[PDB]
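What follows is one chain in structure tokens, specifically the form deposited in one PDB entry.
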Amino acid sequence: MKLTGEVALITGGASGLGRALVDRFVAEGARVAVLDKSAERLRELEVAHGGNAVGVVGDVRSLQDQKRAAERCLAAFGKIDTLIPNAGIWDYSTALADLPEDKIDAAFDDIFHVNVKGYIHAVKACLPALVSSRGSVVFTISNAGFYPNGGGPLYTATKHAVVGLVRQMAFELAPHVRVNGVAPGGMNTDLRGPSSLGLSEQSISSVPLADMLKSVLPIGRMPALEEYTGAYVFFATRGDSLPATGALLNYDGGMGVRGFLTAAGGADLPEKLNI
């Protein structure tokens, strides 16, 4: 177990990637505080991991809620080693042309409050614990932080904003707190969109994400959620990532290195090389 004795706070950890990370982190011997708006899912996760996980109901948009999360983590586990600001919503790749004039202001505020302000508030709230533990922050970005067509303008802009948070916060929190980014690409989660665009009851598992990506990913297949948790384990292992700050790990199946006419260049290698 790589993370014995470590304590993480994960925002958005009641489902999706956040939950997989909760499960993974605990299995690696970490204790985990989760901040999330789903009270139901938070309790299921507490009973799933008796004594190694504590859920706090709150909204990542509220600094006070974030502070409560940090307080609760401190109260239960005595420190915070790794903050993983992870809660997010999608825009379902709604193009600028397709954003209605009378909804765009509301949609902007929703997606940016959650995706960017929620990350700032998480760090703000945990800053005393992180300086104390000489800890780290690992932000969940996305391939939409680097390339287009992973989201419309709003989502792509929020995830690029998060890259800026990686950079600025690695600077500001240095030398005491390390700040890095994992940018995963394509995950069968329960990811929602803004109620403003009528997408708040729409989950990404309901989209054929895996099949759209089949001929877009050089690796050929969209990885399972468990397969995305390793990068975070890595950044959360103190002895393994000490030199890392300002690091951005593109963790998306090769989206930035796909070819022009096909995703991959080496379909024929096995036969070409005779086994």
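For clarity, a rigid core is taken as the largest C-alpha set superposing within 1.5 Å between two forms. The first residue of the shown sequence is 1; numbering continues from there.
In at least a third of the other PDB entries of this protein that model the residues around it, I204 has no coordinates. In all of the other compared structures of this protein with flanking residues present, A106 is modelled, so it falls below the one-third mark for missing coordinates.
The PDB entry records a higher mean C-alpha B factor for 75 to 83 than for its counterpart among 143 to 151 and 75 to 83. Mean CA temperature factor is higher for 216 to 224 when stretches 30 to 38 and 216 to 224 are set side by side in the entry. Highest CA B-factor among the listed residues (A231, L242, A247, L209): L209. Taking the PDB entry at face value, the top CA B factor among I111, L165, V137, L191 belongs to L191. Ranked within its chain, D91 lands in the middle third, by CA B factor from the PDB record. Looking at the C-alpha B-factors along this chain, the one for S132 belongs to the middle third. When the CA B factors of the chain's modelled residues are split into thirds, the value for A107 lands in the middle one. When all modelled residues of the chain are sorted by CA temperature factor, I204 is found within the highest third. Among the modelled residues of its chain, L261 has a C-alpha B-factor that falls in the highest third according to the deposited record.
There is another form of this protein, the form deposited in another entry, and it is not shown here; the text below is about that form.
In the core-aligned comparison between the shown form and the other one, the C-alpha of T189 is the only one from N143, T94, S136, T189 that shifts by 2 Å or more. For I219, the Cα coordinates differ by under 2 angstroms between the shown form and the other one after the core has been superposed. In the other form, the Cα-Cα separation between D211 and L261 shrinks by 3 Å or more relative to the displayed conformation. Figure legend: C-alpha atoms of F260 and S215, shown here, are separated by at least 3 angstroms less in the other form.
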